[PDB]
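Everything below concerns the one structure shown next.
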Amino acid sequence: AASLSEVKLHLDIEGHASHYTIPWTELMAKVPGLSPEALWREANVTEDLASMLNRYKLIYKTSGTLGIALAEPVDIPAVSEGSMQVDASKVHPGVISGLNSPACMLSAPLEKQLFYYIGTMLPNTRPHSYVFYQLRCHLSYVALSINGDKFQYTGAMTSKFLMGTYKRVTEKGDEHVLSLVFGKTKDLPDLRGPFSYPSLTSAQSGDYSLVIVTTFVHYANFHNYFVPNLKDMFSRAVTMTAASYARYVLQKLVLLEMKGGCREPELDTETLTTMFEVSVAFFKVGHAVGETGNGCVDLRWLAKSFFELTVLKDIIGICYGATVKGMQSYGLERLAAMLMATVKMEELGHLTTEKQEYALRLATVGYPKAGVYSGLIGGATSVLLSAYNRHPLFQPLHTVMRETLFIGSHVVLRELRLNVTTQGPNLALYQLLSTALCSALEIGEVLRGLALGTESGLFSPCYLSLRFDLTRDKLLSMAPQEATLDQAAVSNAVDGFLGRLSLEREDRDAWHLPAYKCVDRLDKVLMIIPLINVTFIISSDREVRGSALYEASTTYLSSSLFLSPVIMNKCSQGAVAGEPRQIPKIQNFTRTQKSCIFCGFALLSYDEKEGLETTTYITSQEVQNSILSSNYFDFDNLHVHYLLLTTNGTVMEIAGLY
Amino acid sequence: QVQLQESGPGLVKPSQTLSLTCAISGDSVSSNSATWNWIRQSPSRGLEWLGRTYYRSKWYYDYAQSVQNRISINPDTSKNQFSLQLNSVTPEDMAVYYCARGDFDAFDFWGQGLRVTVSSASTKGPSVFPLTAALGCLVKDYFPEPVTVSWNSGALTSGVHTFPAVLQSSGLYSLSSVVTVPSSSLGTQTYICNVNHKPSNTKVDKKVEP
Amino acid sequence: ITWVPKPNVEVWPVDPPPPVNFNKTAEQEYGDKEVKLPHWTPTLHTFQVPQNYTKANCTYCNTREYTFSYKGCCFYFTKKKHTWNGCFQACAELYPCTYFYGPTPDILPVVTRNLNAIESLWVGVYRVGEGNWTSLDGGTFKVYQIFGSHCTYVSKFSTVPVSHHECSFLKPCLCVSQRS
Amino acid sequence: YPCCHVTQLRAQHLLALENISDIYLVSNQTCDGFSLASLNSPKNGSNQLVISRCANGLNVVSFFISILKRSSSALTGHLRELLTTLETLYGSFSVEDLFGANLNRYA
Amino acid sequence: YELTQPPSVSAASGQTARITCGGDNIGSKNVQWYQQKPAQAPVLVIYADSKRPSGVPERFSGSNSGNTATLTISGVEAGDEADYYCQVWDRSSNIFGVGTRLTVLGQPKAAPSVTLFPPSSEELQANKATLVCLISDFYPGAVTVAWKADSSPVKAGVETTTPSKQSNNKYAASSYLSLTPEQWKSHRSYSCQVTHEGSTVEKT
Ligand SMILES: *[C@@H]1O[C@H](CO)[C@@H](O[C@@H]2O[C@H](CO)[C@@H](O[C@@H]3O[C@H](CO)[C@@H](O)[C@H](O)[C@@H]3O)[C@H](O)[C@H]2NC(C)=O)[C@H](O)[C@H]1NC(C)=O
Ligand SMILES: *[C@@H]1O[C@H](CO)[C@@H](O)[C@H](O)[C@H]1NC(C)=O
Ligand SMILES: *[C@@H]1O[C@H](CO)[C@@H](O)[C@H](O)[C@H]1NC(C)=O
Ligand SMILES: *[C@@H]1O[C@H](CO)[C@@H](O)[C@H](O)[C@H]1NC(C)=O
Ligand SMILES: *[C@@H]1O[C@H](CO)[C@@H](O)[C@H](O)[C@H]1NC(C)=O
Ligand SMILES: *[C@@H]1O[C@H](CO)[C@@H](O)[C@H](O)[C@H]1NC(C)=O
């Protein structure tokens, strides 16, 4: 190929001297990617010392290296005794059936699939040309471009190190560029010329390091808008578990969405730091897999980590329009979908919380795209149904339940974002049960989490509910009155809550509902209750194409409560005119109903001045018993009335129980 | 030279409509950087700005609260003037009306201003009579004030003093005006006292012969 | 009146999942393993003075619908958010004899007083070439410039006009009408 | 022997690894400035005198460190010992030590 | 909105005079000062707090701050005796001042000049008789008038006017004694009397 042979290096280290004969022949045949002449060209061997010094004097050198002492987490577990060793390439149709089956995916094939793509990581783009030797290797990249392609971030990762390159193009055309390299000190990319990492490492642990590569001028320009907490970032990276880091980034990105960073991406420290941390999360997963060292990774760890990675992928694609090449193993996807065939979605909630979470994670990793297996929604709804049956009625959601349901929500959200779907009924079940779980107490807990930047704000059933009554004022009434929390943060949380529930855009709102095309004034709608055989629409205006028009006994409330039933989701030709019907008050009733008479009905409590308070879907006799034998019915309060919505389509009013 | 003068009927019956017009000169009614304002002054209401009009892209009219439903201010580009109409006038509307130029904030250059009175009473003709040394001319019993007095059509100005009228119990007004001539110059030249009362279309010249 | 007991609620049945292709080539499951890292080329757009829109020689003040007045100027906040450049138009079409303003000659502390603690406001001080920051009223301006761009905004806490990074963002606009 | 000075401005003076047989790198104190590359053409029949080119020691050492790193699978103990010795030599670098020096100390 | 200005202000001739005008945030607005001399149309004397229209003495100056706006006349000569009004524009309303009457102290107590006019020939030819008393060129402008038919007083049928400022910043007034011509030949001669600042001046 190239007429190159051996060479001898002579040196006089100690008093005596010695030589070393490095044969470029045979060594080129042992390492196929080696091109010694290319690196010789890269190295300005004939560089005058002055020009070297100029190169050094142009690259930013750190103002001290923070020597922190951080500890690696316990991420990848040990192989459970009796684990089925799965080669990702040789995935047999019957490897191991059952969610309870111990199974582990072999490290090397998985790495060969995650980092299957090859390409040039370190480019010939100043300043990297000055500092680094160009490297072509198996990579994975996350890349985004915002503000009219003027700001661009490209984070490229191996199984060893990670380089995030930022670039801003000025209006005139000046290009400022700044790169951050995270990875184990030993595994850090090969350096060139006079440059040494010590002078460039911003932070360093016992084994890891964070390096900043840019020119002084570029550094200044960036510093005007980008002052990151290098200590905090480095610490979180080294210490946090892969899943935990990914979830941290997800929360950050959801908070940026609420503040409007998706529509109008602002160039602030938080936004850019989050950009880098995305790449860090993906890298962390890859790094751990690689470090195993020709071992095994339990399918549970792979499920949790890659579920978080999938969620991050879609969120950055919708927000910033980003691309993730790599970090996707067809073996894992296949194995997950296979195990999905071994469970019954309709009864997924009838399993343990652990297995529920495992299966839902496997569903997201195995069927990432919407359109393949649409019955996954069933499984999600199953979990939700089960959760509703065991959840303290109206009370806020517990951390554990919130996590389980958040894991299962993504399937529902993906199919809701589509224009056509097949599991509409089940989707409406999910949304109905979310309206039920959406209580003032829950809203409060979510607003608290949003204001305090905690996990409670990430997901709430309210987010995917059919409640369109929540307005800024209503939210301020249901807001945490704890004085500890700054009310300014509470106000921003209220605004963000409305942002997540914005019928405007936010495809995850109204679309696939079958009675959505029976409303003409979709701004005056308050709640849609999709029951079996019926779709009730509660609104403030009387203009709704329905089978009937009920008016509730409201007392000088501007938002006069109008209930319109749509039987068999059939838009009745012609809006109901004349006078709305009065709600039949039923006072003949008993609390000790031995049979589930209400099973499949809905109970709605409303204040004739404040609005709709509570919604309850009688799913089981247990729920009926709970509602009847509790403090739910306080007929003493003459302002709060209780309405019963039936599958036949009749709205009654529970007002007495003999 | 920016100037502008008011005109119109000075007497208005109760209820009724009040009409006035101000003619300007030295500037354009369609000016891009001005506004034309009607402002009245009365002891009962102080100095109250009635209204204003101007022309930019379209013709805009601004009115005050005290006469929102009763006032109209319409311009006229041909004669370079602008009018003022106030319907359903009351005794509270009895005042001296001025027109002025302005710029939303300040009112630069004012009109002479004409006195509008309301009392339903009819116009009465003024009865004129004649009389170092001084010689004058008296005017008794006239209702619609004011009345202008001159000597030789303004040829003589120094040594002249016109007194302000006075209202009798009956409601009619009276006023006198005197000039000063030396006692040695008693039978020299001739002095003609000109009297002009507009609201009755009266103009009479009384020669003072001692 | 008759009350028949309905059964418990359950999930609607779902079809089983399709089988998963093992015969996939892997080479076609992914793509060609050779990848090039993405590169973007942004279309530079030079900014010149609009000329079509400029300082009006007329005087006006919609006394009933102005946001705030001061000395000899009336100030309006556009209700609809607009682009920075397009606001040159958005001020002229709002009210007669209204135009995009640069705040410091009037002293902007009053403007910043009439804002919320999060809402921004496009202001009308710019720089056509690489010269001084100026407005339609003219003169020079002290500006807290941190980006290359030509546009500027103000916030509740702003002390001086601040240069923005993307002039395409939607924000309300400060427009003025003269009284001189 | 006394050290050399690096000059690349020479046009049409081509340099290729194919025709480089011996690379002499200077050590500490010997030249201080680390001008540590005497590249010598193959000497299988060309008498004596100057056939050598002076070149930058730090760039040459970085190139060799990088190629030995990129071939850790093929490296056999002897070349690994070479890698460690050359890494210590590169660790003996001092870029600050050339800031105050006036350079061209061999012309 | 509430323009509060002192009802009256006084100053000696030559000393600087100050007229104030208060209101909520009047310093945020453009204050205008108009001068109205007695029996004249208002004339803008100060605009935009400090700006002066063409042809206004430099002694006139203006300031505006917070809740107080001051119009200072440094010269205080003749013709400055007038009513001074402040004017502002709060939203859709032009608020004028109540009025500040300026008094120029220092002027000497000029003696009054009185003259009398008997019933004219054409006036006596009809059934009317009017005696005109013309008082002029006197300061302070405060006089009380009384008629004497013949040492004996009368308090019926007499019309007096208000003292009215003259061109030379003096004052004048006109009394009218109306009666029938038959009541002229009754008494010997009628006498007008005017008390000015205590003193009394009569004519017949
Ligand atoms: C490898 O060889 C040399 C050593 O670094 C590099 O040539 C050097 O290039 C710089 C940049 O163009 C030259 O600086 C120039 O100096 C002239 C003075 O006439 C000035 O007009 C330019 O604006 C610029 O500042 C420098 O002189 C030159 N050094 C030499 C010839 O010894 C070459 O670029 C290196 N190549 C790579 C790929 O790194
Ligand atoms: C719901 O509708 C179906 C028709 O699809 C009907 O057969 C069934 O009886 C209805 N269920 C109830 C509980 O009314
Ligand atoms: C501004 O340019 C447009 C070009 O489409 C033109 O139609 C318009 O008339 C211009 N503006 C004015 C005030 O003429
Ligand atoms: C900018 O303003 C300064 C004065 O502040 C002046 O000296 C200079 O010439 C101006 N430059 C341009 C390009 O207008
Ligand atoms: C290298 O040497 C060979 C043989 O001496 C010669 O043919 C070739 O031209 C040389 N190459 C260069 C780049 O000088
Ligand atoms: C080489 O020289 C440097 C600079 O004086 C010194 O720090 C280092 O210890 C020396 N090492 C050896 C092996 O001589």
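One line per chain: the protein sequences are H, A, P, S and V, in this order. Position 134 of the first sequence, counted from 1, bears residue number 134 in our numbering, the numbering being contiguous throughout. Position 38 of the second sequence, counted from 1, bears residue number 1038 in our numbering, the numbering being contiguous throughout. Position 44 of the third sequence, counted from 1, bears residue number 2044 in our numbering, the numbering being contiguous throughout. Position 24 of the fourth sequence, counted from 1, bears residue number 3024 in our numbering, the numbering being contiguous throughout. Position 68 of the fifth sequence, counted from 1, bears residue number 4068 in our numbering, the numbering being contiguous throughout. A virtual CB, placed ideally from N, CA and C, is assigned to each residue, including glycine.
Short CB-CB distance (under 8 Å) between residue i and chain H
i, result
"residue 2135 (chain P)", "no"
"residue 3043 (chain S)", "no"
"residue 3018 (chain S)", "yes"
8 Å Cβ cutoff, residue i in contact with chain P
i, result
"residue 426 (chain H)", "yes"
"residue 4092 (chain V)", "yes"
"residue 93 (chain H)", "yes"
"residue 87 (chain H)", "no"
"residue 1129 (chain A)", "no"
Check: residue i C-beta below 7 Å from any heavy atom of ligand 1
i, result
"residue 46 (chain H)", "yes"
"residue 405 (chain H)", "no"
"residue 3008 (chain S)", "yes"
Own chain partners of residue i with C-beta closer than 7 Å, once the 5 adjacent residues on each side are dropped
i, result
"residue 273 (chain H)", "228, 233"
"residue 1016 (chain A)", "1089"
"residue 438 (chain H)", "461, 462, 465, 467"
Own chain, CB closer than 6 Å to residue i, minus 5 neighbours either side, in chain order
i, result
"residue 2114 (chain P)", "2068"
"residue 4090 (chain V)", "4001"
"residue 379 (chain H)", "345, 348"
Any chain A beta carbon closer than 8 Å to residue i
i, result
"residue 4098 (chain V)", "yes"
"residue 2091 (chain P)", "no"
"residue 2180 (chain P)", "yes"
"residue 2087 (chain P)", "no"
"residue 4001 (chain V)", "no"
"residue 4197 (chain V)", "no"
Contacting residues, own chain, Cβ-Cβ under 8 Å from residue i (five flanking each side not counted)
i, result
"residue 358 (chain H)", "99, 300, 303"
"residue 1153 (chain A)", "1194"
Proximity test, residue i beta-carbon vs ligand 6 heavy atom, cut-off 7 Å
i, result
"residue 3047 (chain S)", "no"
"residue 196 (chain H)", "no"
Any chain S beta carbon closer than 8 Å to residue i
i, result
"residue 193 (chain H)", "yes"
Cβ-heavy atom distance, residue i to ligand 2, below 7 Å
i, result
"residue 619 (chain H)", "no"
Any C-beta of chain V under 8 Å from that of residue i
i, result
"residue 1110 (chain A)", "yes"
Cβ-heavy atom distance, residue i to ligand 3, below 7 Å
i, result
"residue 2052 (chain P)", "yes"
beta-carbon residue i near ligand 5 non-hydrogen atom, thresh 7 Å
i, result
"residue 144 (chain H)", "no"
Residues of the stretch 2054-2074 of chain P whose Cβ lies closer than 7 Å to any Cβ of chain V, in chain order
Of all residues in the stretch 2054-2074 of chain P, 2063, 2064, 2070, 2071, 2072 have a Cβ within less than 7 Å of some Cβ in chain V.
With 9 Å as the limit, tell me which residues of the stretch 4167-4182 of chain V have their beta carbon closer than that to any beta carbon of chain A; keep them in chain order.
The residues in question are 4167, 4172, 4173, 4174, 4175, 4176, 4178.
Contacting positions in the stretch 4066-4083 of chain V - beta carbon closer than 7 Å to chain D
Among the protein chains of the structure shown, namely H, A, P, S and V, there is no chain D.
Kindly provide the ranges of any alpha helix (DSSP H) runs that are 4 or more residues long and lie completely inside the stretch 194-240 of chain H, ordered along the chain.
For the stretch 194-240 of chain H, whole alpha helix (DSSP H) runs of length 4 or above, ordered along the chain, are 216-223, 230-239.
Using a Cβ-Cβ cut-off of less than 7 Å, give me the residues of the stretch 45-60 of chain H that come near chain S, in sequence order.
Listed by position along the chain: 45, 46, 47, 48, 49, 50, 52, 53, 56.
Selection of the stretch 211-240 of chain H by Cβ proximity to chain P, strictly under 7 Å
From the stretch 211-240 of chain H, only 224, 225 have a Cβ closer than 7 Å to chain P.
Output the residue ranges of the beta strand (DSSP E) runs that lie fully inside the stretch 129-181 of chain H and measure 3 residues or longer, sorted by chain position.
For the stretch 129-181 of chain H, whole beta strand (DSSP E) runs of length 3 or above, ordered along the chain, are 135-138, 140-146, 151-157, 161-169.
For the stretch 1024-1035 of chain A, enumerate the residues whose C-beta is nearer than 7 Å to any C-beta of chain P, in chain order.
Those residues of the stretch 1024-1035 of chain A placed with their C-beta closer than 7 Å to a C-beta in chain P are 1032, 1033, ordered along the chain.
Can you give me, in chain order, the residues of the stretch 4013-4035 of chain V that have a beta carbon less than 9 Å from any beta carbon in chain P?
Along the stretch 4013-4035 of chain V, going in chain order, the ones with a CB nearer than 9 Å to a CB of chain P are 4028, 4029, 4030.
Scan the stretch 2134-2158 of chain P for residues whose Cβ lies nearer than 8 Å to a Cβ of chain H and list them as they occur along the chain.
From the stretch 2134-2158 of chain P, only 2146, 2147, 2148, 2149, 2150 have a Cβ closer than 8 Å to chain H.
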